[PDB]
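Okay, so here's the structure we're looking at.
Computed over heavy atoms, backbone and side chain alike; hydrogens, waters and symmetry mates excluded. Along the sequence shown, residues are numbered consecutively beginning with 1.
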Amino acid sequence: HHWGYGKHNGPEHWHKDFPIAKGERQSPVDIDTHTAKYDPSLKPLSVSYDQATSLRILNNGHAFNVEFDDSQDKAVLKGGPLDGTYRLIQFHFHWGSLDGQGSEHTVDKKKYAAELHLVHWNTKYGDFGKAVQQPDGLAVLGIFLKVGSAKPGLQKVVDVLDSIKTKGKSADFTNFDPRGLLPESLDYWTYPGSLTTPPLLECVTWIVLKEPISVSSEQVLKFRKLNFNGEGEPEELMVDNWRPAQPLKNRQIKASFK
Ligand SMILES: COc1ccc(CCNC(=O)c2ccc(S(N)(=O)=O)cc2)cc1OC
Ligand SMILES: [Zn+2]
């Protein structure tokens with residue numbers, strides 16, 4: 001009886017094995033754009049992905065991860081709310097069964113079709129495993145997806161998904177450039193939060209871009225053909241792999257833009 005997104009194992013059940021699910025800085029949250037405040041203390045955000053080295057794509061039974069070589073400083077996030085350097089380790093998405101849902105964060109209660117998470121760890125802690133024992137261990141750059149025009153830079157991901165249909169399947173995935181998944185603007189909201197999947201660890205500085213990227217209907221339809229189950233198990237489409245918004249509690253969401 002593993003955690004998942006179903007009626008008997010989904011987000012309303014996670015707190016039994018992971019009591020931090022009801023903690024003080026859980027993610028995602030609704031971003032009330034009317035209560036978020038511009039923060040002039042925020043430094044310019046620097047997304048430096050030109051030397052990224054992707055390695056592999058993996059269906060882990062809850063999403064698919066594009067993994068990077070993080071053995072050296074190569075693809076890093078710094079600036080904004082962050083102190084020091086955060087190295088990219090993987091990206092993944094959350095998405096819906098229908099175009100009107102799928103994102104984890106919401107913007108004035110609006111759900112997007114999907115949400116991209118670029119996951120980074122603070123190099124002052126040496127390894128990802130040590131980083132997830134720290135309140136400032138991780139930084140996740142979140143990008144909303146809406147359905148409209150295709151995102152050309154996403155197609156190479158779309159086209160490998162047939163090789164990782166089921167849980168535990170991986171494939172080589174070298175030379176993928178995550179710069180092709182960014183929007184034009186780096187305007188963002190930031191707040192302190194958590195992983196949005198078990199173990200729900202409260203280690204994350206969230207940086208959520210305001211401008212969504214557009215993907216085509218056909219691209220997100222291919223996401224929805226993935227499976228949560230393993231090969232030769234009953235087929236459960238990998239859809240609606242999002243956690244709903246959690247209580248903001250004693251947090252303030254800051255805006256990078258006036
Ligand atoms: C060996 O030590 C660990 C290794 C990994 C983890 C956490 C695994 N989960 C994630 O890395 C992760 C989960 C959700 C996100 S999200 N959806 O918030 O971007 C990002 C990363 C926890 C660990 O320590 C228990
Ligand atoms: Zn995620």
Least distance between heavy atoms, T197 atom then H62 atom: CG2-CD2, 4.5 Å
Nearest atoms (heavy-atom pairs only) where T106 meets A245: OG1-CB, 4.4 Å
Expected output: side-chain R25 to main-chain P135 donor-acceptor under 3.5 Å: yes
Donor-acceptor under 3.5 Å (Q134 side chain, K130 main chain): yes
Test item: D136 and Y86 side chains (from C-beta on) under 4.5 Å apart, heavy atoms: yes
Salt-bridge criterion met for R87 and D73 (N-O under 4.0 Å): yes
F173 versus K156, closest heavy-atom pair with distance: CE1-O, 3.6 Å
Donor-acceptor contact present, side-chain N227 to main-chain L237, <3.5 Å: no
Gap between atom CD1 of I213 and atom CD of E115 - 0.5 Å precision: 11.0 Å
Aromatic ring pairing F257/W189, orientation class (parallel under 30°, perpendicular over 60°, tilted between): perpendicular
Heavy-atom pair with the smallest gap, counting every atom of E24 and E202: N-OE2, 3.4 Å
Check: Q51 side chain, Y49 main-chain N or O, donor-acceptor pair, under 3.5 Å: no
Side-chain donor/acceptor of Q90 to backbone N/O of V66, under 3.5 Å: no
ILVMFWY cluster, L42 and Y191 together (side-chain gap under 4.5 Å): no
Interatomic spacing from OG in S163 to NZ in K169 - rounded to 0.5 Å: 9.0 Å
Min side-chain heavy-atom separation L195-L138 under 4.5 Å: yes
Side-chain (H120) to main-chain (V140) donor-acceptor, under 3.5 angstrom: no
Plane angle bin for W206 and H117 - parallel if under 30°, tilted between 30 and 60°, otherwise perpendicular: perpendicular
Plane angle bin for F228 and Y5 - parallel if under 30°, tilted between 30 and 60°, otherwise perpendicular: parallel
Note, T190 side chain near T205 side chain (heavy atom, < 4.5 Å): yes
From CG (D127) to CD1 (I89), nearest 0.5 Å: 9.0 Å
Qualifying side chain to side chain donor-acceptor pair (under 3.5 Å) pairs with a residue from residues 247-258, counting only residues at least two apart or across chains: none
Hydrophobic cluster identity match, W95 and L118, side-chain contacts under 4.5 Å: yes
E235, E231, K225 screened by side-chain contact (heavy atoms from CB on, under 4.5 Å) with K165, the one that passes: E235
Backbone of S27 reached by a side-chain donor or acceptor of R243 within 3.5 Å: yes
Heavy-atom side-chain proximity of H1 to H8 below 4.5 angstrom: yes
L154: side chain to side chain contact (heavy atoms under 4.5 Å, CB included) partners, not counting sequence neighbours: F93, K151, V157, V158, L181, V215, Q219, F223
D69/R56 ion pair, N-O < 4.0 Å: no
Side chain proximity check, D30 to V107, heavy atoms < 4.5 angstrom: no
Qualifying ring pair (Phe, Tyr, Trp, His ring centres under 6.0 Å) pairs, either residue in residues 130-166, two or more places apart: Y112-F144
Heavy-atom check, side chain of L88 versus side chain of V119, under 4.5 Å: no
Step-by-step side-chain contact (heavy atoms from CB on, under 4.5 Å) determination, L77 to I207: CA-CA 10 Å; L77 186 68; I207 300 169; 4.2 Å; yes
Criterion side chain to side chain donor-acceptor pair (under 3.5 Å) on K74 and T53, from CA distance to verdict: CA-CA 8 Å; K74 286 215 212 204; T53 303; 3.2 Å; yes
Hphob cluster co-occupancy, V47 + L145, side-chain heavy atoms under 4.5 angstrom: yes
Sidechain-backbone polar pair: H94 side chain, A63 backbone, donor-acceptor under 3.5 Å: no
Verdict with supporting geometry, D17 and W3, side chain to side chain donor-acceptor pair (under 3.5 Å): CA-CA 9 Å; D17 282 328; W3 69 268; over 6 Å; no
Single-linkage hydrophobic cluster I143~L186, side-chain heavy atoms < 4.5 angstrom: yes
Electrostatic pair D159-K222, nearest N-O below 4.0 angstrom: yes
Atom of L200, atom of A21 and distance for their closest heavy-atom approach: CD1-CB, 3.5 Å
Co-membership, hydrophobic cluster, residues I164 and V239, 4.5 Å side-chain: yes
From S54 atom OG to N175 atom CG, the distance as rounded to the nearest 0.5 Å: 6.0 Å
Closest non-hydrogen atom pair between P81 and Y188, with its separation: CD-OH, 3.6 Å
Beyond-backbone contact of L209 with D187, side-chain heavy atoms, under 4.5 angstrom: no
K167 NZ to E233 CD distance, which is reported to the nearest 0.5 Å: 5.5 Å
From CG (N65) to CD1 (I57), nearest 0.5 Å: 8.5 Å
Donor-acceptor contact present, side-chain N9 to main-chain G6, <3.5 Å: yes
Sub-4.5 Å side-chain heavy-atom contact between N229 and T166: yes
Enclosure of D177 CG (heavy-atom neighbours >12, cutoff 6.0 Å): yes
Verdict with reasoning, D108 to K110, per salt bridge (charged side-chain N to carboxylate O under 4.0 Å, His left out): CA-CA 6 Å; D108 297 330; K110 175 189 174 76; over 6 Å; no
Atom CG of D172 with >12 non-hydrogen neighbours under 6.0 angstrom: no
Ring-ring centroid check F176 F91, cutoff 6.0 Å: yes
Check: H105 main-chain N/O paired with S103 side-chain donor or acceptor under 3.5 Å: yes
